[PDB]
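Report on the following structure.
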Amino acid sequence: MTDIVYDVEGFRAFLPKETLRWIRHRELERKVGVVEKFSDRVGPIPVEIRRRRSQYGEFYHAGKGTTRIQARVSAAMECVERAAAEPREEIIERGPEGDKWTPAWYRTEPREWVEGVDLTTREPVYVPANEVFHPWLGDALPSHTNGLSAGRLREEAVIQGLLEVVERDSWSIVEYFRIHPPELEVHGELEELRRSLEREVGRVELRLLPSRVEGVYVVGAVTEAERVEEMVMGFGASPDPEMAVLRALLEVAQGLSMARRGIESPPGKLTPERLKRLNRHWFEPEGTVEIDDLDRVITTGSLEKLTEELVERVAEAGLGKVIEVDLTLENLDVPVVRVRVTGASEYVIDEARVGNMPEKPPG
Ligand SMILES: Nc1ncnc2c1ncn2[C@@H]1O[C@H](COP(=O)(O)OP(=O)(O)O)[C@@H](O)[C@H]1O
Ligand SMILES: [Mg+2]
Numbered sequence: 001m002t003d004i005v006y007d008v009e010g011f012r013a014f015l016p017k018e019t020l021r022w023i024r025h026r027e028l029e030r031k032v033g034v035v036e037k038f039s040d041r042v043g044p045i046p047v048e049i050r051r052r053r054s055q056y057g058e059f060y061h062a063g064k065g066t067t068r069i070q071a072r073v074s075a076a077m078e079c080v081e082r083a084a085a086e087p088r089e090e091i092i093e094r095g096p097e098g099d100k101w102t103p104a105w106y107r108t109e110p111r112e113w114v115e116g117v118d119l120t121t122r123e124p125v126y127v128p129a130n131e132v133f134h135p136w137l138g139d140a141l142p143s144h145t146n147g148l149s150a151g152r153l154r155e156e157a158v159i160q161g162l163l164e165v166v167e168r169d170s171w172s173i174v175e176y177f178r179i180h181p182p183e184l185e186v187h188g189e190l191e192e193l194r195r196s197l198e199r200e201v202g203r204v205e206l207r208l209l210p211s212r213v214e215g216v217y218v219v220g221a222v223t224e225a226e227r228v229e230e231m232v233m234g235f236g237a238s239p240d241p242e243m244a245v246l247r248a249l250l251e252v253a254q255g256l257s258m259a260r261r262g263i264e265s266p277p278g279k280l281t282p283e284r285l286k287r288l289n290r291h292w293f294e295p296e297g298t299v300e301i302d303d304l305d306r307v308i309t310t311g312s313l314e315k316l317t318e319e320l321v322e323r324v325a326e327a328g329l330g331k332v333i334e335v336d337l338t339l340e341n342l343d344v345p346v347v348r349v350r351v352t353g354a355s356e357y358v359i360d361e362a363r364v365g366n367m368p369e370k371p372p373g
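Quick note on numbering: the sequence shown equals residues 1 to 266, 277 to 373 in the deposited numbering.
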């Protein structure tokens, strides 16, 4: 029974100030190849940028938070998870004995595997290296970082990774069927943050996405701006709808920081009004939802219980198996995991990663 002592940007067993002190003492950023740091503030939101070097090249990573401390923790741990996700021959198996997850798109049996755990059955299951590591170049589809998370504890990382998978499943459903999600109406501090971020662009719009996992809410934020590169999207998923809203808004601020520095992530220049027209489903909401009307199904006591309850709800969702792969580096004693949900949609990452899709949009 590990208490959640912090639940602003995510569910944490330590205060961000403690974690930052710990990151600094352990020299994690240096050890993970951080060579440059930048501090931004987008309206009221601190954003942190890291330039990182590895054998794979030079990369920009970002962190953010409601406080400068959390943004600096977020940026550091982002760098750590990416270093952990780099291919590691140590944990690759080639002639594995046991259960295997073989995704639909494999025309031939994959050769490299990593041992994971089925979080429903607690049985071992082998996962292809291309579904664990990044970058991995051998296979039919590109590798990616959906479900990759670091934490102070493995439970922190599991919760974060699983919520991310649900988040992208919801977003993938909206894009695949071109669903027009309802506008989400907020009050108090969240409304003030939205207004404050809106002062940076033209408009900041909130949406409640259809979630396929009960007890988990997914929120999208979309911007309208006079500059097209400043029309970004942010997403959040949490059992706490307030956290989901916060996460989406923080992602927008992060997006704006990146665009203003000309940093990108995956032909001629679009106009703001045409971008709107191509994305009518986002800009023409179907209905309205009040945040206070949303039930708190999963209330947050201990980290262990929260993990268990989240896993249960995803296992019930008709989205296949919930698999965890340990990516903790031996030298850096930092818990990192890759969470894969075998039939969750990753359409927004790759058109071929459809997952379990119904014939009709979920009404
Ligand atoms: N307070 C914290 N303690 C430990 N790890 C954290 C903390 N905040 C963020 N992280 C980790 O840092 C990385 C980036 O986090 P963040 O930017 O908050 O959200 P996201 O996971 O949506 O990118 C993730 O691996 C996350 O789990
Ligand atoms: Mg991550």
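Where is the CB? At the ideal position from N, CA and C, for every residue including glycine.
| Check | Outcome |
| --- | --- |
| Cβ-based burial, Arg24 [other Cβ within 10 Å; buried from 16] | exposed |
| Alpha-carbon to alpha-carbon, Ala13 and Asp3 | 6 Å |
| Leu250 beta carbon near ligand 2 (any heavy atom closer than 7 Å) | no |
| Residues that DSSP places opposite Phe38 in a beta bridge | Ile49 |
| Cβ separation of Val324 and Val213, assumed to be a contact under 8 Å, to the nearest whole Å | 5 Å |
| Straight-line gap, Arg50 to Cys79 (C-alpha atoms, nearest Å) | 8 Å |
| Cβ-heavy atom distance, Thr108 to ligand 1, below 7 Å | no |
| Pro239 beta carbon near ligand 1 (any heavy atom closer than 7 Å) | no |
| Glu230 beta carbon less than 8 Å from that of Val201 | yes |
| Contacting residues, own chain, Cβ-Cβ under 6 Å from residue 271 (five flanking each side not counted) | Between 266 and 277, the chain has no modelled residues, and residue 271 is one of the positions in that gap. |
| Three-way DSSP call (helix, strand, coil) for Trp292 in this model | helix |
| beta-carbon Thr145 near ligand 2 non-hydrogen atom, thresh 7 Å | yes |
| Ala85 versus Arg53: straight-line alpha-carbon distance, rounded | 14 Å |
| The region 245-255 contacting the region 354-363, beta-carbon criterion three pairs below 8 Å | no |
| Reduced DSSP secondary structure (H/G/I, E/B, other) of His25 | helix |
| Terminal residues of the alpha helix (DSSP H) in which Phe235 lies | Premise fails: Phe235 lies in the beta strand (DSSP E), 233-238, not in any alpha helix (DSSP H). |
| Boundaries of the beta strand (DSSP E) in which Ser149 is found, first to last residue | 148-150 |
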